[PDB]
Amino acid sequence: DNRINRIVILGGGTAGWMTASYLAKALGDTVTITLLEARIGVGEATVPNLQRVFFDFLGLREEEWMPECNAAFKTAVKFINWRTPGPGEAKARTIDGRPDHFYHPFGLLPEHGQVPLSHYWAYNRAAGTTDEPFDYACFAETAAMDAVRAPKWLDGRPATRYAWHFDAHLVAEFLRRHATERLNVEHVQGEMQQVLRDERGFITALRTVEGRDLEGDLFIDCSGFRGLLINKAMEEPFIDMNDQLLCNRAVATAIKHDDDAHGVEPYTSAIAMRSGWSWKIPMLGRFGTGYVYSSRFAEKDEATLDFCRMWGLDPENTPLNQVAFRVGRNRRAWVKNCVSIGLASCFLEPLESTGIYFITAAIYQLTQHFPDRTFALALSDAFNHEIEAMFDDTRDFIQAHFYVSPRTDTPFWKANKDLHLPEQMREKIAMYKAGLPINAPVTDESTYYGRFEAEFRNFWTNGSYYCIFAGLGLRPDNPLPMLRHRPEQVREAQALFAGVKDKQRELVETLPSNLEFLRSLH
Ligand SMILES: N[C@@H](Cc1c[nH]c2cc(Cl)ccc12)C(=O)O
């Protein structure tokens, strides 16, 4: 009889209550779970697997949890002004007669002859028979997002792959209620006084300021950047990676919005600024927004003013959150009987909406490597490996946004070009320039989005590397050389571009607006 009997979670934000709800659902009566928890809602974005991996596991359909979190729909991230120089402004600048924006949608690109559609687009660009941007030629979603359409028809009929925007505080409160009312999680409202440890350094109990000992065999650190368990009690070092990603501050708020004027944008915006980038996370009646910048290149006051100026805000009569970030990850996410999840584990700037995903993935991987009271080292070693590889792969992917961007107009954008590029990312850029696919998907969407392990082993597929590289203006030196030996396959593949064009008109003309669906839902 060596199985875990008691779990104690420190921290009651999004990570704490996603951890409490999922583990309580997975373990049932076999374990007692106790959570001990002691400002402006600026919005948060997600990835499609959140419904399949997390909410479906809890039995919660979007029709129930979305109205409780003022949730809205996300079809992509839209990158604005990442190729052109100038001020931090909300509207895209013009380049080659086109707006300077590009999309990074979800889903998998179709193939012909087992070659991704991306490579036939690069073929036609090299041939000079088209000048259409990659995202508008290969993604039907681009048209629907420009027409601010919903990702679904009003009666639930799906149309395009999508994720969610929501208020993270409202999500934690919803899950707090669900866990304590339906899953028998004990909520303890108090502060932690001290961490009780045994001879081997394992945590035995959390002691509250009221003097109560929360006894447990397994402890989850969801205390945010504080890392009260993993960093302070367990003394596990944090690996600062701000040398590779320069942004370390944000100034943020939420802005009321008249949705009847131009609708609700069904995508997160990442707006390039002089010393960083600004997010925009739209919801019903309001949008969250924050300027992520580097303190090495911008003063706090100028970032604040640049941020307020973009949105026409009075800087002296606007509620603002001023936050400093911890960019990097712990050397190990799981040490002895202490598992860090969320900001206590790692953090990247939300350029590609990895925050909620890193929690979901850590929760899932914990159940996959769940221990007993012997705490076999292979379980936590394997867990730490998957978490480390997940973070480092996305970290490098994020850096390539700034590295491949052609902007050199401010010290921030130029300095990104002087940073060391990791060898694996250099290899990928070289393969992309030689015409090769990068991390091409080998399954259809149903397997990819049906099995979390499928996506986890290939999270940034070829479509995503093309979305960013081609969106930033980087194009291969030549098309895939095999394509010049298969002219008939090139001729046949063009039907796919017509299929995208057909779907583009169909969705724009028959889909409801994002605003209409949100008002039907809320
Ligand atoms: N597994 C994710 C990968 C992904 C593809 N496009 C995006 C865009 C953003 Cl902001 C995050 C993540 C992704 C998925 O395909 O859903």
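What the table shows:
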item	result
Residue match in region 158-166 (condition: surrounded by fewer than 16 Cβ atoms within 10 Å (Cβ to Cβ), farther than 30 Å from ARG309 by Cβ and within 16 Å of the ligand (Cβ to nearest atom))	yes
Filter pass, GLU427 being part of a helix (DSSP H, G or I), loosely packed, with under 13 Cβ neighbours inside 10 Å and within 20 Å of the chain's Cα centre (by Cα)	no
Restricting region 244-266 to residues that are outside any strand (DSSP E or B) and more than 21 Å from the chain's Cα centre (by Cα), the residue that is surrounded by the most Cβ atoms within 10 Å (Cβ to Cβ)	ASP259
Residue that is surrounded by the most Cβ atoms within 10 Å (Cβ to Cβ) [pool: residues in region 330-381 that are away from the ligand (no atom under 16 Å from the Cβ) and among the hydroxyl-bearing types (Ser, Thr, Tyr)]	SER340
One residue from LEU474, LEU511 being of a type outside the set (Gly, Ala, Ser) and in contact with a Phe, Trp or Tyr (Cβ under 7 Å, 6 or more places away or on another chain)	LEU511
Filter pass, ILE230 being part of a helix (DSSP H, G or I), of a type in the set (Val, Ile, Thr) and farther than 30 Å from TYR403 by Cα	yes
Of residues in region 430-460 being in a helix (DSSP H, G or I) and of a type in the set (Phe, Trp, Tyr), the one farthest from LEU483 (Cα to Cα)	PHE452
Residue within region 179-202 that is closer than 18 Å to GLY355 by Cβ, assigned to a helix (DSSP H, G or I) and either among the hydrophobic types (A, V, I, L, M, F, W, C) or touching an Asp or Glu at 6+ places or on another chain (Cβ under 9 Å) (or both) present	no
Residue list for region 469-485, filter: within 16 Å of the ligand (Cβ to nearest atom) and not in a loop (DSSP other than H, G, I, E, B)	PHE469, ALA470, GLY471
Which numbered condition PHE497 fails, given (1) outside any helix (DSSP H, G or I); (2) among the aromatic types (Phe, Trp, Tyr); (3) touching a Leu at 6+ places or on another chain (Cβ under 9 Å)	(1)
Region 72-100, residues that are within 16 Å of the ligand (Cβ to nearest atom) and either over 30 Å from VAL490 (Cα atoms) or outside any loop (DSSP other than H, G, I, E, B) (or both)	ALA72, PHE73, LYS74, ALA76, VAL77, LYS78, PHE79, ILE80, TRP82
Long-range neighbours under 6 Å by Cβ, at least six apart or interchain, first residue β-branched (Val, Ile, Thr) within region 365-378, second outside any helix (DSSP H, G or I)	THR374/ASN2
Residue in region 5-47 that is nearest to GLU173 (Cα to Cα), counting only those that are assigned to a loop (DSSP other than H, G, I, E, B), in contact with a helix residue (DSSP H, G or I) (Cβ under 6 Å, 6 or more places away or on another chain) and not polar (S, T, N, Q)	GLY13
Any pair with Cβ under 7 angstrom, 6 or more apart, that starts in region 50-75 at a residue that is closer than 21 Å to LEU23 by Cβ and ends at one that is surrounded by 19 or more Cβ atoms within 10 Å (Cβ to Cβ) and of a type in the set (S, T, N, Q)	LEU50/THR360; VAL53/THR360; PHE54/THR360; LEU58/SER21
Region 291-336: number of residues that are in a strand (DSSP E or B) and aliphatic (A, V, I, L, M)	4
Set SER520, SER464: member being at negative phi, out of contact with any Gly (no Cβ under 9 Å at 6 or more places or on another chain) and exposed (fewer than 14 other Cβ atoms within 10 Å of the Cβ)	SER520
Every residue from region 447-468 that is near the ligand (Cβ under 9 Å from one of its atoms) and out of contact with any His (no Cβ under 7 Å at 6 or more places or on another chain)	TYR448, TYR449, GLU455, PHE456, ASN458, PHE459, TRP460, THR461, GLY463
Every residue from region 101-119 that is among the hydrophobic types (A, V, I, L, M, F, W, C) and either out of contact with any helix residue (DSSP H, G or I) (no Cβ under 6 Å at 6 or more places or on another chain) or within 14 Å of the ligand (Cβ to nearest atom) (or both)	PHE102, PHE106, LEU108, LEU109, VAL115
Among the residues listed as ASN81, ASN70, the single one being touching a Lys or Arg at 6+ places or on another chain (Cβ under 9 Å), crowded, with 23+ Cβ neighbours inside 10 Å and not basic (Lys, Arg)	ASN81
Single match in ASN49, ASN5, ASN81 (criterion: in contact with a strand residue (DSSP E or B) (Cβ under 9 Å, 6 or more places away or on another chain) and at positive phi)	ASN81
Residues (loosely packed, with under 13 Cβ neighbours inside 10 Å and within 16 Å of the ligand (Cβ to nearest atom)) located in region 430-446	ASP444, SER446
Test: residue in region 267-277 that is assigned to a loop (DSSP other than H, G, I, E, B) and within 16 Å of the ligand (Cβ to nearest atom)	yes
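Every residue, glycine as well, gets a Cβ built from its backbone with ideal geometry; the counts of neighbours run over all protein chains shown. Only the coordinates and a few stated rules stand behind these numbers; no lab work does.
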